[PDB]
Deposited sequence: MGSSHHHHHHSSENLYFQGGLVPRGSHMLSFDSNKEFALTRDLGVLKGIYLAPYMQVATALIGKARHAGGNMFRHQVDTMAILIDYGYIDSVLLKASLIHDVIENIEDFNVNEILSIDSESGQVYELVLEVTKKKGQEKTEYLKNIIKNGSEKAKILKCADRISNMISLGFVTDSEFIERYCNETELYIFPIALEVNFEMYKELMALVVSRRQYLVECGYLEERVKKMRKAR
């Protein structure tokens, strides 16, 4: 019963800045779904769940006032550090960012990236672009599968089943 005592709502509030935005899906729902996936797999860690609610807020909001994170509570500093670990710097090679997370990322960053990827892989279900589904499937297999194998075998199984399912859709349709 440790989850009852985690004050998440202020991090949800911050995440509402994303309401009205799409990345190939709905960025706000994606933050809350990422948190749901972490709780689903039994990660009840204050900093990780809090970071999960705003992990894309720095990346996807122009001129985002980082003090909106840092002013919330005594953990806001550890939350900010975790969000930074999974924020891609402007212009940085996506390949090298993912490679960098597996090499130097904390346990929590790796877990967060896996949950982020599960949520994004589920959102491919409503896409049609076809070439996008394939590139995203390949990226997930090459770079995220190994992260999931380090931190959580069950997360690896879900990522596996989602990649197989989407590749199967390409082959039976687009």
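Chemist: Where does the structure fail to cover the deposited sequence at the C-alpha level?
Modeler: According to the deposited record, C-alpha coordinates are absent for 1 to 43, 68 to 69, 220 to 232, which together make up the missing parts.
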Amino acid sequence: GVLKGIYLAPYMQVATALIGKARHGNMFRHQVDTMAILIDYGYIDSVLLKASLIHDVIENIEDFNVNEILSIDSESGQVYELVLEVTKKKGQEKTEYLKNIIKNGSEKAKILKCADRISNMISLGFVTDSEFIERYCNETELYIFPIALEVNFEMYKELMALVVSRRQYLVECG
From here on, numbers count along this sequence of modelled residues.
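Chemist: For the C-alpha atoms alone, is the average B factor greater in 56 to 64 or in 34 to 42, going by the entry?
Modeler: Per the deposited B-factors, the answer is 56 to 64.
Chemist: What stretch has the higher average Cα B-factor here, 130 to 138 or 47 to 55?
Modeler: Per the deposited B-factors, the answer is 130 to 138.
Chemist: By the record's CA B-factor, is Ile72 among the lowest, middle or highest third of residues in the chain?
Modeler: Ranked within chain, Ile72 CA B lands in the middle tercile.
Chemist: Considering only modelled residues of the same chain, in which third does the CA B-factor of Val79 rank: lowest, middle or highest?
Modeler: It falls in the bottom third of the chain.
Chemist: Which third of the chain does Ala22 land in by C-alpha B-factor: lowest, middle or highest?
Modeler: Its C-alpha B-factor, which the entry lists for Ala22, ranks in the highest third among residues of this chain.
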